[PDB]
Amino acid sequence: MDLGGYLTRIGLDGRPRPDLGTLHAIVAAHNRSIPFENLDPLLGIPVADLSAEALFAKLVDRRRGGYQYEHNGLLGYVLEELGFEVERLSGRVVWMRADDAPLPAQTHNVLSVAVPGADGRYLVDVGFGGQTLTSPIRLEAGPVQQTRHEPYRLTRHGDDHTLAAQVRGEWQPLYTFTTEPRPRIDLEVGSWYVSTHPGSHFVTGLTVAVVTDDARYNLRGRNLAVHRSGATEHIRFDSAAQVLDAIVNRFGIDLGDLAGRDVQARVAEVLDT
């Protein structure tokens, strides 16, 4: 594949080896280089094709970001090519959901990754957005595990795992998942739903995110949240133009890709959704 293109995109060079050190370095570089964004579903463009060709073309060659299926799909292919053993998993997002809420749809995709020298498996997820994992963690229920940012924890009931993050001193469940490997088509059916259902969070508004060594950035509509050590920031943009400026210059997304779609007018509709 075009790993050279991917490695350049994320600010690495040369062929890295399939070891744990490389896994950490790639996750960190991906985190800071390729943003989470849902401009395609926002603009009525489905995310239907999760092939390597499609994902490299968009997230690497066209300097766009993507959402969960695009991020982890891409990284899945990259890690495989490099020599890691990769299974694609699906999950249900429970973030900020009430204790008694209906069961969510399977709308997430994460990776279970092994190094050739079988020291168990690692959860890898660079596609959850602003609160995405910034390190690989051991796919092992029980222990609190440190990362490049906040502590995270896996717990399980049978094969139903829950990933939680310690967000500003408070533990928050993010999503649940099983370890049953999923074929690409089942991920594509999920992605069709998330990118086209008129009630989908990723159809009804705009989410853009990126994570640097120092901070998590998460834009929803006009509202940019920043979580840094010791402080939160909330930046409220006045209008769609400022949002578009942030998209291009803060988040590094080329909107030339979306010529003739009236991005600015659609962003205006979702400032507060």
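Throughout, we count residues from 1 along the sequence that is shown.
- The deposited model assigns a higher average Cα B-factor to 162 to 170 than to the other stretch when 69 to 77 and 162 to 170 are compared.
- Relative to its counterpart among 263 to 271 and 2 to 10, 2 to 10 has the higher mean temperature factor, C-alpha atoms as listed in the PDB entry.
- Across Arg222, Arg216, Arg32, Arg62, the greatest Cα temperature factor reported in the deposited entry is at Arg62.
- For the set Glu150, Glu188, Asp125, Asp119, the PDB entry assigns the largest Cα B-factor to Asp119.
- Placement of the Cα temperature factor of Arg97 within the chain: highest third of the modelled residues, per the deposited record.
- Among the modelled residues of the chain, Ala231 sits in the middle third by CA temperature factor in this PDB entry.
- When the CA B factors of the chain's modelled residues are split into thirds, the value for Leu139 lands in the highest one.
- When the modelled residues of the chain are ordered by their C-alpha B factor, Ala57 lands in the middle third.
- In the PDB entry, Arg88 places in the middle third of its chain by CA B-factor.
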